[PDB]
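Data block below; observations after.
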Amino acid sequence: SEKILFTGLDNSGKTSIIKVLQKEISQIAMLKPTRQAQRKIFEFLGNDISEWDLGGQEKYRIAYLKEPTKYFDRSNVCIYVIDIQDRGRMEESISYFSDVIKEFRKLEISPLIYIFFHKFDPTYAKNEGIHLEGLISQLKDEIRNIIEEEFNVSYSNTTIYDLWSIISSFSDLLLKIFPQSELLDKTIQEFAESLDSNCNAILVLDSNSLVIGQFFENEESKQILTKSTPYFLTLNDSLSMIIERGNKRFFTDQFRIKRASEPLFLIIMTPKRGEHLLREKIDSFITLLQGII
Amino acid sequence: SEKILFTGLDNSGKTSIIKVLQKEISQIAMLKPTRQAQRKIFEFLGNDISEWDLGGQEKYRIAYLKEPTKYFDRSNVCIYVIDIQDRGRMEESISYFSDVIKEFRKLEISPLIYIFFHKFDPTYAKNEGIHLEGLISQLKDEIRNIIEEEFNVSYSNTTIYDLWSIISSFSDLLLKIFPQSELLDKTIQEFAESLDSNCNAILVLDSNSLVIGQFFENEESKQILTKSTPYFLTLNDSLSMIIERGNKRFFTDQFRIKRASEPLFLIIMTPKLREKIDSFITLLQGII
Amino acid sequence: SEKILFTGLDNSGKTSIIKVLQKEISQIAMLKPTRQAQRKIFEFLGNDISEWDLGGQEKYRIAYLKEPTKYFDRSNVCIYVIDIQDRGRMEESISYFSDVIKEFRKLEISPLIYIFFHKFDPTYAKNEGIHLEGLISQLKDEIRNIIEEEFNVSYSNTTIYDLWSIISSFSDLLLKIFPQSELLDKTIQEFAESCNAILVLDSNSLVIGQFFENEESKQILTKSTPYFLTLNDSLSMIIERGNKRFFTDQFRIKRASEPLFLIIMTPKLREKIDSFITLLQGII
Amino acid sequence: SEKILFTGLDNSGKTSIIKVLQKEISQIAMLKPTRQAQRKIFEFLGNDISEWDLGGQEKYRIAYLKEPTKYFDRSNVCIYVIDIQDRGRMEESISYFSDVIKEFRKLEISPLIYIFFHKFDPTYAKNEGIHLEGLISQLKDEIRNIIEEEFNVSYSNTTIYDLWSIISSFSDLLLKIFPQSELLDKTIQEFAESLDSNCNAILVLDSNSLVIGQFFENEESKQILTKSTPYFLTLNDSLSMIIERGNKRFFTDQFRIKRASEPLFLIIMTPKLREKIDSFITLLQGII
Amino acid sequence: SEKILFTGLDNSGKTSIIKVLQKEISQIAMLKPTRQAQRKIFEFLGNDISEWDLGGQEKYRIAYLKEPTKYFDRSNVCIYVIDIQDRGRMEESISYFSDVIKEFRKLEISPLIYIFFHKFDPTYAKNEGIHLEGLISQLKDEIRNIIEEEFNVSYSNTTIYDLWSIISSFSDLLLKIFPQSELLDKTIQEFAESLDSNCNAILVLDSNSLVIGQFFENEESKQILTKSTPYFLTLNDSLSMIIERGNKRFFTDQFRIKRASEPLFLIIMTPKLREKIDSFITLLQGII
Ligand SMILES: Nc1nc2c(ncn2[C@@H]2O[C@H](COP(=O)(O)OP(=O)(O)OP(=O)(O)O)[C@@H](O)[C@H]2O)c(=O)[nH]1
Ligand SMILES: Nc1nc2c(ncn2[C@@H]2O[C@H](COP(=O)(O)OP(=O)(O)OP(=O)(O)O)[C@@H](O)[C@H]2O)c(=O)[nH]1
Ligand SMILES: Nc1nc2c(ncn2[C@@H]2O[C@H](COP(=O)(O)OP(=O)(O)OP(=O)(O)O)[C@@H](O)[C@H]2O)c(=O)[nH]1
Ligand SMILES: Nc1nc2c(ncn2[C@@H]2O[C@H](COP(=O)(O)OP(=O)(O)OP(=O)(O)O)[C@@H](O)[C@H]2O)c(=O)[nH]1
Ligand SMILES: Nc1nc2c(ncn2[C@@H]2O[C@H](COP(=O)(O)OP(=O)(O)OP(=O)(O)O)[C@@H](O)[C@H]2O)c(=O)[nH]1
Ligand SMILES: [Mg+2]
Ligand SMILES: [Mg+2]
Ligand SMILES: [Mg+2]
Ligand SMILES: [Mg+2]
Ligand SMILES: [Mg+2]
């Protein structure tokens, strides 16, 4: 299987990120500090994945460093969550990150390192401007000096007030473990162009609502589709569909692949003024996706 | 202002019904016994209505009867909620119903009485069958002997597992307080027939999602629209729309009327013209 | 009957504050933008109080200013909520505050104005420090220029991450509407002298009386009382945890429907508590 | 590792039971039908245990039986949940239970079979009485004819309206996977007797609030401590202790054992000595 | 021989009903709780019948269910008596009834079940109204669910304040064991119409004063004769007769049938011929 480890200081936001990934946002208010490690198992495209949420209180971080084989071993990815709104605890956070990397070195493993600069809220980021960007740049410099190019590192700005920032970062991480064929993007890109200027955006999602494939004509089309899709997903699950809302038309479809348990979800967005997508075009597209993914 | 009173024994389901009406079903798992009377104010078509939820524990029921002018006076509608799954407490429920009716008599007021035979769940109703039907018929006989034709009494079977049963019963109650013109049903019927064989069902809702007008070509069209509308409303609120799914097409629209604060909601289901809709809405704005 | 009006821009936090007051914190994650005016009624010491939660989205603010008599009239207290983390919307917030004050002037009423500097979170205040205090000073100066000594104005810092900040501020507001006798504080002050802390709460868990020997005792009792309440309501009592001892009691007053709650924290006498309760029942 | 499997028909209540075990009762109102298998990992006295929640809708049960090695294999316990309020689906429930037992036989494994007669609510049980008792007796006969003494079977009446019904059954189930020494029951018994007539009830809980040991002088002392302890825990967790309410006094304590990660919880109820509690704790640390 | 079983909870009124049948109403005030089973033998139309009065206190009921073959075996009729004034013991009563039926199932016998809804006093029934009727209808449903159409069940409302209610129910019970020829009712009907409109009511009784045949022109004629007959019997016993009183005339006669030990009693009420009577007696002698 695969092991994904969430770690970081207490209050950094690890459990809230997980609650977003589980579509259980309503449980974020009732969140208490996580006690030791909480573990669950989920499936990504036919592969079972174990997820570890390490409670970040100091009494728990010490226990993690006392029995490192129990917690840090066999990790394929380490998600390290930093509360970028809490400058006063950043030095402490980098210090605990150095301890975690040191444990990986003693175990002689090199998991993918994914840093979530978390609580990067829209309101907070707008009011803080380049002052916040400079702080993140200093954080990366400290992280690079600790990593010393012995680990692969990725960085993402995340916030529970932007579901896409969490979904796409977690999807990008899973697709680094399970790389996709270049044919996938080439097929999606060619399908969009075969519609002749009548395709603003496409998403291919799995049963966890994680992103398997994507296309965006521009930044505005990306914002419209990624912000509307969760509500269309809620509608689909509660009830193929065609939805006209505002100046856009949405085509939604479910399809299965051989190796995965549950169906995948396809959504295509076009201008409302555009021609209706021919069903035979969507079906041939789905047939290729079933052979590529 | 109009006064609507929720009363009945504890555990009968009054607050859960209100939570359904407030679109807050998720809080039903968190419900505690209601402490005495809880009150809110909402608007229905430009009229304010105060809503009283009276906690049903015995210590509160005694307080209600000790100071009747503070709780039962000026009530325009009394909703009496009966847990029809609790046979063992029905005699106590009817007994307390007699007390409430007596206080109305002493105050010399005649509010509309609306019985909610509540917790009429689909699974429960299917397993209990004619026994539950006979048990409800016996409850009605006891209520009739208490009322003695001195009050207008309506009945409905309700359950939180059927949102339509609660929404349409409460809408029916409010439309008895505020009667509609006969032109409304005629306009909805005439608009439906003007679509040839291409109009299965219509719903006109207010901002509380209460039913102001309705049309159903048959029972199957009624089931499809009433079960699907709550999810379209959640989508519309979370974001004019058109939704095609299966063999049906759904048109949703919002329009305002002069006397009401928030817009109304129109949804039309057809098998799979903006002018017909715009002209329909214009007629509704002059009638509703 | 008294009318309390919650207003301010959308996203400022008004409904979350109300949810804390209703002991419904678990619903804050499920909150959506409030549509128009949501109204409820509750009792405070035998008095009925109507509470108005005005949705702050611009389309609703335009409707409030189009029909001022329907929303702002007969207001006894206006609670104006400002997201002090959102400097980018502060000019917009002060401008709408000016419009609200103007409607009060045209109605010729003078409600108590209670400003909540909301989202004053412990982490945010720790990191912003003195820069945030200067910002609050600028807001007070603007509000002063708008009020022009025609309204009584009070200020409070609030955050859903400090339940006491919201409970005490709202209690302080209600005690300005319904003033208490000075004998209440003196009776509590003298009972303790006869004690690290004392709270007298009503059935809404609002603060009717309080005593705190020092800042440390205050933090201990204020943070512990909700769970002592949760224990009580869900279930007199005597509790010992740590180096402290707690005494909880319930009693009724003549004009109130539900009982009041008394909790005393001492370092670790029935007759002295019963005489203290007797005096409270004759003063509150 | 150990594997616990929740299965049964859709709507039987499996996920609600798990929500109670996870101290997330507030989320029961938000539950949706479970899609295929949901899996979590928890610790019981130092042992990692995988928990499988198999969604019960028919399209999922067909998938389970198509690939029985992926779902039923290596199971230590099978919890089969039956909605005993839904007589109309009991024949369907027993038939799927027989299919599950058949898959265990083809795998040549013998998990403990634990039947939960769920939704045994206080109100429903009181109103149905002996009529429901006879129906449960008929269910046991069908289960026994399916088992044919090839499996170990346990039965429990459960309901989300009685938290102890679910906690104690799940605790009883875990203690059969990990049998305890007879010294634990004797030690708890002797300590309660060393207090003379000053010990009404004792509970020893783990960090999951599952029951490791228990003592009850009589049925009334059992109902007082079990219904009070969740609020004594929520107090302690959200915040040693002594509490006096009514005619009772309570002592709470936390202690750790060598092989477990988180502390255990001890609570003693007496009618209204620190050295005696410490020595009793020291004994438990060498026995558990 | 035939076996009739009187059973039911203590205080239900079993022994009081038997005292009415034995013409010993004066002993009702001296009744104590019956200790275990009391047994008598009486003759009905040439057939010996054993009558078991089972004491209903719980310690006796437990003794019955411990040795079911001694008490319940070979029963031809089980009379179950329910005090319908005591709602607080109806669950206990229905539960014990379920136990008795379970013993008949294990014995693989199917006696006639006769339910006496007892203490249906005129004053109590008048004051309780349809509330008592619903309760009896509820009890009837519980009995049906317990029986599952495996037994013949009859019902009657009985009370010691209406001798006819007890006499006619016990008579109807015995005639179900020993069905009569259809020529009997046709003969009584034909004799009545042969007297023109000069025949309001007829009773044919045995030496136990049980009703072998009856005829009533209307309800008033039934109430007059059924209420006057007990005193006519006492006069006849204490001493053929003719009695004129008010606007009615009563003819009484005694006759024997070949298979019965003691004479039968014929009473005819007419508005105010020996030969007609003698021939009517002759037909009855060969039909009964
Ligand atoms: N503004 C903002 N707040 C957030 C965000 N994410 C989480 N929070 C809040 O931050 C607090 C910390 O959340 P948690 O998820 O419990 O943090 P944690 O890392 O799991 O803490 P531990 O359980 O001790 O490990 C919670 O009150 C969240 O509501 C975010 O993206 N933006
Ligand atoms: N099966 C079923 N249960 C229901 C239904 N409605 C409410 N309940 C449950 O019945 C219980 C009673 O809920 P409440 O709404 O608090 O009852 P109440 O009348 O408000 O009781 P008081 O607050 O004491 O007056 C709750 O546990 C609900 O979940 C229903 O329609 N069907
Ligand atoms: N950090 C922080 N966030 C808060 C606080 N209070 C509320 N929020 C968040 O701010 C957002 C706005 O909350 P609301 O209470 O709905 O704001 P509102 O004033 O009611 O907005 P309208 O309904 O449009 O009038 C929500 O996401 C809350 O979670 C707080 O004290 N601190
Ligand atoms: N009255 C009563 N209702 C219950 C009880 N437990 C669960 N329910 C209700 O039963 C319904 C089914 O609950 P679930 O837990 O989702 O059932 P499930 O077995 O998980 O169904 P699937 O996800 O399809 O497998 C929900 O509406 C619950 O509220 C109970 O103990 N008593
Ligand atoms: N009002 C009223 N009381 C009755 C009636 N029949 C019996 N009772 C009273 O009910 C009480 C019970 O009478 P029993 O005949 O001794 O009852 P039982 O079933 O024989 O009791 P056990 O001997 O213990 O089995 C007596 O006090 C009677 O006076 C009736 O028809 N109406
Ligand atoms: Mg956490
Ligand atoms: Mg309630
Ligand atoms: Mg709001
Ligand atoms: Mg489920
Ligand atoms: Mg007797």
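Residue numbering restarts at 1 for every chain, and letters A, B, ... go by the order of the sequence lines.
- A pairwise comparison of heavy atoms in C:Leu9 and C:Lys14 identifies O-NZ, 2.6 Å as the closest pair.
- A:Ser137 contributes atom OG, which lies 11.5 Å from atom CD1 of A:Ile130 (distance to the nearest 0.5 angstrom).
- Within the cation-pi definition used here (under 6.0 Å to the ring centroid, within 45° of the axis), A:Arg245 does not qualify as a partner of A:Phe250.
- Among residues two or more places apart in sequence or in another chain, the ring-ring contact (aromatic ring centres under 6.0 Å, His included) test is passed with A:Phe251 by none.
- Scanning all heavy atoms of the two residues, the minimum distance from C:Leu135 to C:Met90 falls at CD2-CE, 3.6 Å.
- Take A:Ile136 and apply the side-chain contact (heavy atoms from CB on, under 4.5 Å) test, not counting sequence neighbours, and it matches A:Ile84, A:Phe117, A:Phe120, A:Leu132, A:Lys140, A:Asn157.
- Shown are C:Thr159, C:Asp83, C:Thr158; of these, the side chain to side chain donor-acceptor pair (under 3.5 Å) with C:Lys119 is made only by C:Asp83.
- A:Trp164 is linked by a ring-ring contact (aromatic ring centres under 6.0 Å, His included) to A:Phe216, counting only residues two or more places apart in sequence or in another chain.
- Going from atom CD of A:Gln36 over to atom CD of A:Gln57 covers 11.0 Å, rounded to the nearest 0.5 Å.
- Sequence neighbours left out, the pairs with a member in residues 42-60 of chain A that pass salt bridge (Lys or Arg N to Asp or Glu O under 4.0 Å) are A:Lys40-A:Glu51, A:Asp48-D:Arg39.
- The ring pair (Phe, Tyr, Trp, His ring centres under 6.0 Å) test with A:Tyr71 is passed by exactly one of A:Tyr64, A:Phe6, A:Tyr60: A:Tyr64.
- Looking at residues two or more places apart in sequence or on another chain, you find no ring-ring contact (aromatic ring centres under 6.0 Å, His included) involving A:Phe151.
- The ring-ring contact (aromatic ring centres under 6.0 Å, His included) check on A:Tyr114 picks up A:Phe116, with sequence neighbours excluded.
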